[PDB]
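Contents: one structure, followed by commentary.
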2 protein chains.
Amino acid sequence: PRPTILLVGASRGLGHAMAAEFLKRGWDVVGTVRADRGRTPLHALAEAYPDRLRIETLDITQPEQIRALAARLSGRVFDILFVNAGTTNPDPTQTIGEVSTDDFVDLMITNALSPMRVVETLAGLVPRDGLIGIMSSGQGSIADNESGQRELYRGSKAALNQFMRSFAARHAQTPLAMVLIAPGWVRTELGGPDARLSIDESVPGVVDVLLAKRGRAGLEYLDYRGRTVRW
Amino acid sequence: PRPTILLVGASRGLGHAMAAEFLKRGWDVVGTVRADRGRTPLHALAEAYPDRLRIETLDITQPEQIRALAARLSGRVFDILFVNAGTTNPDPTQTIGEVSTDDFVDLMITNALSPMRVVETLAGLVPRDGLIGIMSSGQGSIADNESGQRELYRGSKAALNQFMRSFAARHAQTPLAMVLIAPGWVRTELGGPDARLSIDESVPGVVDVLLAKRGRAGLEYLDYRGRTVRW
Ligand SMILES: NC(=O)c1ccc[n+]([C@@H]2O[C@H](COP(=O)([O-])OP(=O)(O)OC[C@H]3O[C@@H](n4cnc5c(N)ncnc54)[C@H](OP(=O)(O)O)[C@@H]3O)[C@@H](O)[C@H]2O)c1
Ligand SMILES: NC(=O)c1ccc[n+]([C@@H]2O[C@H](COP(=O)([O-])OP(=O)(O)OC[C@H]3O[C@@H](n4cnc5c(N)ncnc54)[C@H](OP(=O)(O)O)[C@@H]3O)[C@@H](O)[C@H]2O)c1
Ligand SMILES: [Cl-]
Ligand SMILES: [Cl-]
Ligand SMILES: [Cl-]
Ligand SMILES: [Cl-]
């Protein structure tokens, strides 16, 4: 009967840290990994929590795998669905006018289309008063984009946020809680060596925000400190 | 891709209906029939789901055929292995003191030894955190046996349940989920025309139980309503 989070993209980085943090707060976790990555930090974590962490497989860019996960989990209910999975393009220093079509397509599919297909397909596994979240980025804020850089990633997260606003409009005036999280610039393999925050300086706050967002209907764009991020 | 159940004994009755019900839930099914039985209701079901239901042959009382199936399914992974196959003796009104040695041996082999041999030999086709189930019966409960009748069948299912408890003990340090199902008294060729439940009143609940047991390690004895059955 323990509360359970379905955490999509939990193999490493922020997603793995989120799984560890929910487990420390007494929740169960179903976390997803991609089949191709071999053994991950999440596999090591599952050995420490053998009865409380379950690992499922999902590449979010494969719609058949999203449906397969939905079928596997159809006898389960999740208090929170959180889509952490995201990446960046091979060469983030390229401007939008320099990126290859393949790189543009790949990142828009991975970061914008695919998290939305996950939430649309798996929303039924969450109660109607539950919480659906996606890991966005402060870089997806258009109002805050005064400096550019990381051009393709920025557009992918801006598109994600807009898609999520339209999803939220279809749930207007219902109890569903929704959140786009900006975790801060964190020293993971994605954030890089110059990132301002350690994992432990971001993830407890993200988890605090998610727990507090439950029961507060509607979509918000919130950072790891609970501050509203401008669209 | 899609989750797959290996359903042993799916030709007729409850087993055939379970195949149909899993297909309705977005699962794929590999179902077994006895080769010498010619065409079965499962073959008709395969006409309607030719890409999602595959039929293999197996007489569970023939160890060489269990080994042959294991080789045939080499490299396949099944989220659920469920052994449905079972029968009863030619004259169920006979007391234990009346049954012939042949009838005793035949039923003990078919209902108790053989499902366990299937489970032991095919367990390697299921993940360490998968689900292995066997169709038992409420008649196999020793604590619930206040009224007798069906004497030989009752003993065969009690032995099955005990054998499965020992199998479960060997898996106590693993996340393997296991279930013995009591489906209720159902109007199949085995249950007879006087049985209380239609197939459709039992099978959706059995499948509900299986999908909800996936991910909950350890062995339980559960009926089609999810109630615990006393050993
Ligand atoms: N770190 C930061 O500074 C920062 C800032 C703002 C937002 N974010 C966001 O935070 C999230 C996690 O990033 P991170 O810093 O933890 O990066 P990370 O360490 O590189 O982890 C990325 C995670 O996403 C998964 N993933 C990527 N593509 C996937 C796909 N197709 N299907 C399934 N899973 C996939 C990865 O799985 P594999 O192991 O299989 O690759 C991994 O679990 C991303 O959405 C990112 O945009 C991060
Ligand atoms: N019906 C009830 O009221 C009831 C109640 C409690 C438990 N159960 C259990 O439910 C299961 C299914 O029974 P049912 O009512 O559906 O009976 P059924 O209609 O007579 O079907 C029995 C099934 O078992 C298969 N089977 C029997 N011996 C086999 C063997 N040696 N190798 C392979 N398959 C074999 C049959 O295949 P063939 O077509 O080749 O014969 C058929 O698919 C049994 O385990 C039974 O004990 C039934
Ligand atoms: Cl992942
Ligand atoms: Cl951020
Ligand atoms: Cl059969
Ligand atoms: Cl029963």
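So that the names make sense, note that chain A is the first sequence line, chain B the second, and so on, each numbered from 1. Note that ligands are numbered from 1 as they come in the structure, with each ligand's atoms numbered from 1 the same way. Below, all heavy atoms of this structure are taken into account, side chains as well, without hydrogens, waters or symmetry copies.
Around atom CD of B:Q149, no more than 12 heavy atoms belonging to other residues, nucleotides or ligands sit under 6.0 Å away. With a 6.0 Å radius and a threshold of 12 heavy atoms from other residues, nucleotides or ligands, A:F167 has its CZ atom above the threshold.
A donor-acceptor pair shorter than 3.5 Å cannot be found between the side chains of A:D200 and A:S198. Between the side chains of A:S100 and A:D102, not a single donor N or O lies within less than 3.5 Å of an accepting N or O. Using modelled atom types and a 3.5 Å distance limit, the side chains of B:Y221 and B:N161 yield a donor-acceptor pair. B:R34 and B:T61 share no donor-acceptor pair across their side chains, judged by distance under 3.5 Å alone.
Residue A:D59 has at least one heavy-atom neighbour below 4.0 Å for each of these atoms of ligand 1: 30 (C), 31 (N), 32 (N). Close approach to A:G191 involves these atoms of ligand 1, each under 4.0 Å from a residue heavy atom: 1 (N), 3 (O). Within the listing of ligand 1, atoms 9 (C), 10 (O), 11 (C), 45 (O) sit less than 4.0 angstrom from a heavy atom of A:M135. The contact set between ligand 1 and A:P183, taken as ligand atoms under 4.0 Å from a residue heavy atom, comprises 5 (C), 6 (C), 7 (C), 8 (N). Under a 4.0 Å criterion applied to the non-hydrogen atoms of A:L58, ligand 1 contributes the atoms 32 (N), 33 (C). For ligand 1, the atoms closer than 4.0 angstrom to any heavy atom of A:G9 are 43 (O). Each of the following atoms of ligand 1 lies closer than 4.0 Å to a heavy atom of A:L190: 13 (O), 15 (O), 17 (O), 20 (O), 46 (C), 47 (O). Contact atoms of ligand 1 toward A:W185: 3 (O) (distance under 4.0 Å to a heavy atom of the residue).
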Step by step, would you call A:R214 with A:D79 a salt bridge (charged side-chain N to carboxylate O under 4.0 Å, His left out)?
CA-CA 9 Å; A:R214 288 170 315 148; A:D79 293 81; 5.4 Å; no
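For ligand 1, the polar-atom distance check against A:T188 finds a nitrogen or oxygen pair separated by under 3.5 Å. Ligand 1 has no nitrogen or oxygen under 3.5 angstrom from a nitrogen or oxygen of A:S137. Between A:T61 and ligand 1, no N or O atom pair is found at a separation short of 3.5 Å. The shortest N or O to N or O distance between A:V186 and ligand 1 is below 3.5 Å. Ligand 1 has a nitrogen or oxygen under 3.5 angstrom from a nitrogen or oxygen of A:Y153. Not one N or O of A:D36 is nearer than 3.5 Å to an N or O of ligand 1, by distance alone. Residue-to-ligand polar distances keep A:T87 apart from ligand 1: every N/O pair is separated by 3.5 Å or more. For ligand 1, the polar-atom distance check against A:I60 finds a nitrogen or oxygen pair separated by under 3.5 Å.
Using a 4.0 Å cut-off between a side-chain N of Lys or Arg and a carboxylate O of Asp or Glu, A:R39 and A:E47 qualify as a salt bridge.
The shortest separation from a heavy atom of A:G184 to ligand 1 is under 4.0 Å, placing the residue in contact.
In this structure, B:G138 and B:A182 approach most closely via the heavy-atom pair N-CB, 3.6 Å.
Nearest-heavy-atom check against atom 11 (C) of ligand 1 across A:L7, A:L14, A:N84 picks out A:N84. Nearest to atom 7 (C) of ligand 1 by heavy-atom distance, out of A:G138, A:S136, A:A182, is A:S136.
Residues B:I134 and B:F163 fail the side-chain proximity criterion, which asks for heavy atoms closer than 4.5 Å.
Stacking of A:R150 on the aromatic ring of A:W185 is recorded, both the 6.0 Å distance cut-off and the 45° axial limit being met.
Considering CG of B:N84 and OG1 of B:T32, their distance stands at 9.0 Å, rounded to 0.5 Å.
Heavy atoms of A:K157 found under 4.0 angstrom from ligand 1 belong exclusively to the side chain.
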